[PDB]
Each structure stands twice: as C-alpha cells, then as structure tokens.
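Reviewing the structure listed below.
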Amino acid sequence: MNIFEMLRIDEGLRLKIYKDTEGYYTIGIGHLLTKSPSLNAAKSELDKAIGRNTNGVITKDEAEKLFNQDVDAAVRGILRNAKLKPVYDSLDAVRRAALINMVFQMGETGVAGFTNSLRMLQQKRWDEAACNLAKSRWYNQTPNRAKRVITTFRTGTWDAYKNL
Ligand SMILES: *SCC1=C(C)C(C)(C)N(O)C1(C)C
Ligand SMILES: [Cl-]
Ligand SMILES: [Cl-]
Ligand SMILES: [Cl-]
Numbered sequence: 001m002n003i004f005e006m007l008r009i010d011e012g013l014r015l016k017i018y019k020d021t022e023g024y025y026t027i028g029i030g031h032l033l034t035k036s037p038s039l040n041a042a043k044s045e046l047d048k049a050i051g052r053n054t055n056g057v058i059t060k061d062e063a064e065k066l067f068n069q070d071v072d073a074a075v076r077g078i079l080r081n082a083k084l085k086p087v088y089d090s091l092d093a094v095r096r097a098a099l100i101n102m103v104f105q106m107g108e109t110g111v112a113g114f115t116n117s118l119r120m121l122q123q124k125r126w127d128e129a130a131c132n133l134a135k136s137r138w139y140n141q142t143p144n145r146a147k148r149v150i151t152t153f154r155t156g157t158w159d160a161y162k163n164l
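At position 35 of the sequence shown (counting the first as 1) the number is 35 in PDB author numbering, and the numbers step up by one without a gap.
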C-alpha cells in the first residue's frame, strides 16, 4: 500500500465526467473539475486540464496524469501551509498518507481548519484524535471513507485498506 493505491481505492476510476459525492463534476481518479452546476463549465475545465478538446471523456493514461498532479498538489499544499506542515513533519509515513488523503478530498484550507484534531495528531494521542476527527461533516457525509482514513491515523497501519 501507498498514497496512490490508497487514494485509488477511495476515489475510484471513471473515464467520463461524473458527479462526485457532493454532486460536483469530476473525472478520472477523483479529479474535481468545478463546483459549477454547468456541465459546459466542467467540460471547459477538463479541456484546459488535459490540453485538448475532449468529448468529456479521457484515457486511463490521462486520468493517471491528473492523479499524479493532484497527489503532488496535496503534498505541496501541506508543505506550504503553516498549520499542516508541522503535523505532517511529526508523522510517520503511513499517517502522512492519511493526511495527504484528507487534503486531496477537502483541500489545504479545509484540513488546516481542523485545529483540535491536528493538535491531537501532533500530540500522538491517536485514539483521541480518531474520536475528534469523527465529529465532522466530513465523517458524516463520507463515513466509510472517513472511517478508513481515521483507522489509518489511529493505528499507523494499512489495515483499513487490506481487504480492498
Ligand atoms: S471514537 C468514539 C468513542 C466514543 C465517543 C466512546 C467514548 C463511546 N468510545 O468508547 C469510543 C472511543 C469508541
Ligand atoms: Cl470519486
Ligand atoms: Cl488541473
Ligand atoms: Cl464513504
């Protein structure tokens, strides 16, 4: 297991524009296109992202290209953020992946806002952190995915991703 395999499990792979869990136009391996309700706006975002006039459909290689960029953007976002960088630096490789996962799904700003959870993580109070993380819109809206990420923070193992 690694961050790519983890996120691939959590985000799936779809080669045609589809609506994510929040009803937002997405493609590939959880590549958010726009929050706009306009399919045309989403298609324009796609074309710009890929560098060609798509028919709202991409190849597996193109999906994986955007995925690589998105993982890199999540890491870059953590490292540039004053709240997230110290937490990330304090974590082991497995838990770092769990943090990258959260950033991929909700963005740098969103995760940086989890002040209490971040403190418990930095403190290495794993069970306390896990309970605190569950008290969120994030957990309520995507409970199976959040449960997997939380288990990863609680244990520092890939147990939540092994049967998957
Ligand atoms: S992480 C959720 C938990 C709560 C809120 C109580 C106190 C019921 N627990 O025993 C857990 C730690 C499972
Ligand atoms: Cl998805
Ligand atoms: Cl992009
Ligand atoms: Cl879920």
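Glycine residues also receive a C-beta, built at the ideal position from the N, C-alpha and C atoms.
Among the options, which residue has its Cα nearest to the Cα of residue i?
{"i": "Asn40", "options": "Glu108, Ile17, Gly156 and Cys131", "result": "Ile17"}
{"i": "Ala63", "options": "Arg14, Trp126 and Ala74", "result": "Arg14"}
{"i": "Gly110", "options": "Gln122, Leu91 and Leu133", "result": "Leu133"}
{"i": "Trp138", "options": "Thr155, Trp158 and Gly107", "result": "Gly107"}
{"i": "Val75", "options": "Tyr88, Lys19 and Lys65", "result": "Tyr88"}
{"i": "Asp72", "options": "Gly56, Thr157 and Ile3", "result": "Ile3"}
{"i": "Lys124", "options": "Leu91, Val149, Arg148 and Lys135", "result": "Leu91"}
{"i": "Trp126", "options": "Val103, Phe104, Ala98 and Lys35", "result": "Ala98"}
{"i": "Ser117", "options": "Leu32, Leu164, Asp70 and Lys135", "result": "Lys135"}
{"i": "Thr21", "options": "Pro143, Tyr161 and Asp159", "result": "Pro143"}
Following the continuous beta strand (DSSP E) through residue i, name the residue where it begins and the one where it ends.
{"i": "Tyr25", "result": "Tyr25 to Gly28"}
{"i": "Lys135", "result": "Careful: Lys135 lies outside any beta strand (DSSP E) and carries neither H nor E."}
{"i": "residue 219", "result": "Because the chain spans 1 through 164 in this model, residue 219 falls outside it and cannot be assessed."}
Is DSSP giving residue i helix, strand or coil here?
{"i": "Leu32", "result": "strand"}
{"i": "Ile58", "result": "coil"}
{"i": "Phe67", "result": "helix"}
{"i": "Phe153", "result": "helix"}
Assuming residue i and residue j are in contact, meaning their beta carbons sit under 8 Å apart, how far apart are those beta carbons, in whole angstroms?
{"i": "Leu46", "j": "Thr59", "result": "In fact, because the Cβ distance is near 12 Å, the residues do not count as touching under 8 Å."}
{"i": "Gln141", "j": "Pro86", "result": "Their Cβ separation, rounded to whole angstroms, is 27 Å, which puts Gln141 and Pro86 out of contact at 8 Å."}
{"i": "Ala112", "j": "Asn81", "result": "5 Å"}
{"i": "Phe67", "j": "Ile29", "result": "4 Å"}
{"i": "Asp70", "j": "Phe104", "result": "6 Å"}
With respect to the alpha helix (DSSP H) encompassing residue i, which residues constitute its N-terminal and C-terminal limits?
{"i": "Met102", "result": "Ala93 to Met106"}
{"i": "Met1", "result": "Where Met1 is concerned, there is no enclosing alpha helix (DSSP H), given that its DSSP letter is neither H nor E."}
{"i": "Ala42", "result": "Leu39 to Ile50"}
{"i": "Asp89", "result": "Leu84 to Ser90"}
{"i": "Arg125", "result": "Premise fails: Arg125 is in no alpha helix (DSSP H) and is neither H nor E."}
In chain order, what residues of the same chain lie with their CB nearer than 6 Å to the CB of residue i, ignoring the 5 residues before and after it?
{"i": "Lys43", "result": "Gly56"}
{"i": "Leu79", "result": "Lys85"}
{"i": "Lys83", "result": "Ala112"}
{"i": "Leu164", "result": "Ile9"}
Closer than 7 Å by C-beta to residue i: which residues in its own chain qualify, once you throw out the five before and the five after it? Chain order, please.
{"i": "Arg145", "result": "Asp10"}
{"i": "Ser36", "result": "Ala42"}
{"i": "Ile150", "result": "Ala130, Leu133 and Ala134"}
{"i": "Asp159", "result": "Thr151"}
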